[PDB]
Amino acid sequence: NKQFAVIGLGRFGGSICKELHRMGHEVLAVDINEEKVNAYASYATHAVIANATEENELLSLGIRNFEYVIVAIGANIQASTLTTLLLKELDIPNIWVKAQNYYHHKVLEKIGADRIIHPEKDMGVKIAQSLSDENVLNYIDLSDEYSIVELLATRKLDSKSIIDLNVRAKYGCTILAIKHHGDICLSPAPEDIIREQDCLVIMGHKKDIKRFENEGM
């Protein structure tokens, strides 16, 4: 019953479509280029060649049978803009659009895009964070000051316990998860040790985590 349409098969849009189909959902792959439709037809419940900037073709797809629509056109600003305008004028509930710059974001905001995504920009900032800090594998920001960070275990952390490396007192951070040799310990007891090259999931303020990385690692 729940229906997703993915217009603009690219890296972002193709990933969205393939992942939504893998999850067992109803997805329609839409693209103006025939080769992209041929490539993503195996990964969609239905795939059509449609110039989504044309109205008639959009109505022929039955764009109104879809609860969610994702305009993944991010390089052609005019195409994405007028596709989103068409979709909003056809009373589509949820419209998520890939953006290209701040001004494309402003245009999509003014025309009524329900969600605007900047994939390359967010990945750029995350990869820069992992770049300057070689210890960070991944993280998630709780706010402008707090976050949960996954770290690669260290020369200094090898064979040390959670009270030997106390963080709730020495840094104000909380030990959260340990990953060793494929196994994963959640909410670990104060007796658990950490070996080198393990995955340490910690949580707290960014500055305290950086201080732990500088002194405790």
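Residues carry their position along the shown sequence, with the first being 1.
Averaged over their C-alpha atoms, the temperature factors of 11-19 and 192-200 are higher for 192-200. Of the two segments, 205-213 and 20-28, the one listed with the higher mean B-factor is 205-213 (C-alpha atoms only). The PDB entry assigns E134 a C-alpha temperature factor belonging to the highest third of its chain's modelled residues.
Compared with the other modelled residues of the chain, the Cα B-factor recorded for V149 ranks in the lowest third. In the deposited entry, the Cα temperature factor of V48 places it in the middle third of its chain's modelled residues. Among all modelled residues in this chain, the alpha-carbon of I70 has a temperature factor (C-alpha) in the lowest third.
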